[PDB]
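Next up: a single chain in structure tokens, the form deposited in one PDB entry.
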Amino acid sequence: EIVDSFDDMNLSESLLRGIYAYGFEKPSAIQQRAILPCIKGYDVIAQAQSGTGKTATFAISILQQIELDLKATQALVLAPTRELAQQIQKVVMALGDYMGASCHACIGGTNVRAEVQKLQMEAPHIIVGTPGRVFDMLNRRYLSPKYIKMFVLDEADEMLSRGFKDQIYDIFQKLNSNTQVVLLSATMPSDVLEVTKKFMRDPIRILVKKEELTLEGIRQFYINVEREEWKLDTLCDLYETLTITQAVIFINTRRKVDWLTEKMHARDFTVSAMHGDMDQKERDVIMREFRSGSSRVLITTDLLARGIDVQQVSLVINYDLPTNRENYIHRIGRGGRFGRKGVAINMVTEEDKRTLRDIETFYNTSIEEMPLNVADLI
């Protein structure tokens, strides 16, 4: 039930070569618990702290199950955003590099004719996608579910939310009745867990109490801003005060991302911005330029709150507080990846500091006032 070495998981030699080439050495806590029941075919609900390696948990399990000589799609992974799907596809391709497993991204904002021409010719072993384009390709029969034996929902509690649950159900109805289902997330509320009883067969539950989700390496602070009209000057002050690797600044609406980005540019501050109403060509460039370090400060919506992994991010600023409790955990988790040291700063008006106290109580955490004029907080 606990297997502390990749060497003891009965993985193929090519899969192990790919794991070690990517730079892993020992499995994370969640990997030691969840890879083997997934390989064995059990329905699994896998929860673990942000940044602990849930991607490779399902990636390694899918790869080990692939029948390489079967030229058909055998596994389908869904993610809530295009950026997250693209990121998962790269991890899966890297881990399976020595196996020649094929992994295809089925995501919106890409040219449909080009995808259709690829899928008319080849049946990728592994599909990583977003729900809209996946449902589209299933309806037009360019993706076949005939041999899909593994269905993975990353960020599963978001995928089973009001906005996505019906999309996931529509896709699920296309799949064979015997398909294995694997769910992963940092957050798994009891109401989402009840929805899983409707479609998962007596799953293995690896769950983490909410009071244990917060990372020790992510120091959480708040700043009394009192008035919303004062947030902009506070941000500008934090730009000049704080030591700057890379930072993500979260905003609750696309409209306000656009507003804030213009305000910062007018004041000669260098920032980039991304949200879901931008052309996908622009999203791809912005994401690429943040990954490379060309841009160090990104203003974004919850488009980038879940799953995105930029190791150099050490600072998250909640310029708007998240209304949703679960979202708070995902946001601050963009800093402090795989045990790195991070800071999260919450900007709080009078009306916000209630919402803040409820977050503190729910997660049994403590959020401290940010020191004055301290450049290096943690």
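So that there is no doubt, residue numbering starts at 1 and follows the sequence shown. C-alpha atoms forming the largest set that superposes within 1.5 Å between two forms make up the rigid core.
Not pictured, yet referred to below: the form deposited in another entry.
For the residue set 92, 218, 106, 152, core-aligned C-alpha shifts between this form and the one not shown reach 2 angstroms or more at a single site, 218. Annotation for residue 25: C-alpha shift under 2 angstroms between this form and the one not shown, rigid core superposed.
Once the rigid core is overlaid between this form and the one not shown, residue 44 does not reach a Cα shift of 2 Å, moving by less than that. Once the rigid core is overlaid between this form and the one not shown, residue 275 counts among the residues whose Cα shifts by 2 Å or more. The gap between the Cα atoms of residue 79 and residue 162 is smaller in the other form, by no less than 3 Å, than in this form. Expansion of the residue 57-residue 289 CA spacing by 3 Å or more is recorded in the other form, set against this form.
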